[PDB]
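One-based numbering, in listed order, for ligands and for the atoms of each. Residue numbers run from 1 in the order of the sequence given.
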Amino acid sequence: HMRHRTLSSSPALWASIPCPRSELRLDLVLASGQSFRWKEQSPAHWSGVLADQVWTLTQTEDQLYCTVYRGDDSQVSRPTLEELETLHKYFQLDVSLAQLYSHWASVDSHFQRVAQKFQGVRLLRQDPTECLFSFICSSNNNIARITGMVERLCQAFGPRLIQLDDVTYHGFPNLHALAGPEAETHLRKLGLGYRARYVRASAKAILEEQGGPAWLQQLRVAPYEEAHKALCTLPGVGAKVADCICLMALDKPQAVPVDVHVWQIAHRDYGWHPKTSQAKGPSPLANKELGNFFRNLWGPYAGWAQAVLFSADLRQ
Ligand SMILES: COc1ncc(Nc2nc(N)nc3[nH]ncc23)cc1Cl
Ligand code: NI
């Protein structure tokens, strides 16, 4: 049995990245339903899989500490340099949150009030595959049910990596694994309900119709609007999910996912009503309008601004 590390447990095996808590609060970013793979196994100690390796992460007021578990009896070492660049990109630490917060606040007094208690909210840069199928599971769910669905999906279809304590960590499947004949049947047995069709179908579609997972990398370089359009061709992927994926895995920071929660915020908190739309409630067109509303207000990181409000909408 190998054990989940704390910073006490084994300070030999931790490395560190200079990170102000104001640029990144793990506790706000790892649970909040960007990823559904990180758990707080021990207090202030976040463990989950990234690119077929397990990590535990923790931080101070100016340091981000991390440790790696490779799997098959390699010899426990501290994170390498390459392994630390991986983790730097995932947090997109090149991006100054302080600068964006100040810009947003300058045009949005609502944001000024809210954002003081929610510093260090940034977007993860996720693997498009994992993001896509995670958000295909997102329809008509809460975060807890999705967390479960993804885990069970990974344990049943994904490579085993390592076991720590009672937790067996699997990597995310490849498209072939998800597009198999018995897939939906199995996924349905794992509690995914209707979504099981969309997972299998989208997997099968990305292979055949789109020419493998390279297609998703293309969308990452493709401009926002083309990426969105492209994603909406997939089974179970509509505007909202496409915008999630755009924002969280295809480097489109201006993507603003609109559902009924954001309708509610926009109306209550910003006094927004659909103008160029007739009908007084959600619709593909009115949603699209609301997205443009926020882009026009917050600028080309509108999605990142939104993420701060979202993170204030799960903390009462
Ligand atoms: C602005 O940045 C963000 N946008 C969306 C999410 N996550 C979700 N949104 C919605 N409407 N439903 C969800 N179900 N499960 C997750 C999730 C998170 C952020 Cl930070
Ligand atoms: Ni009103």
Any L247 heavy atom less than 4.0 Å to ligand 1: yes

Donor-acceptor pair, side chain of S9 and main chain of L7, under 3.5 angstrom: no

Polar side-chain atom of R188 near backbone of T185 as donor-acceptor pair, under 3.5 Å: no

Polar protein atoms (N, O or S) that approach the Ni ion (ligand 2) to under 2.8 Å: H267 NE2, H273 NE2

Where ligand 1 meets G303 - atom numbers and elements under 4.0 angstrom, heavy-atom basis: 1 (C)

Donor-acceptor pair between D243 and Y224 side chains, under 3.5 angstrom: yes

Residue part near ligand 1, for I146, under 4.0 Å between non-hydrogen atoms: side chain

Identity of the nearest option to atom 3 (C) of ligand 1, non-hydrogen atoms only, from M248, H261, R145, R122: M248

contact_flag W304 ligand 1 heavy-atom lt 4.0 Å: no

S277 (side chain) donor-acceptor with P274 (main chain) under 3.5 angstrom: no

Close N or O approach (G33, ligand 1; < 3.5 Å): yes

Cluster link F310 to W104, ILVMFWY, side chain under 4.5 Å: yes

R5 to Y69, cation-pi by 6.0 Å centre distance and 45° axis angle: yes

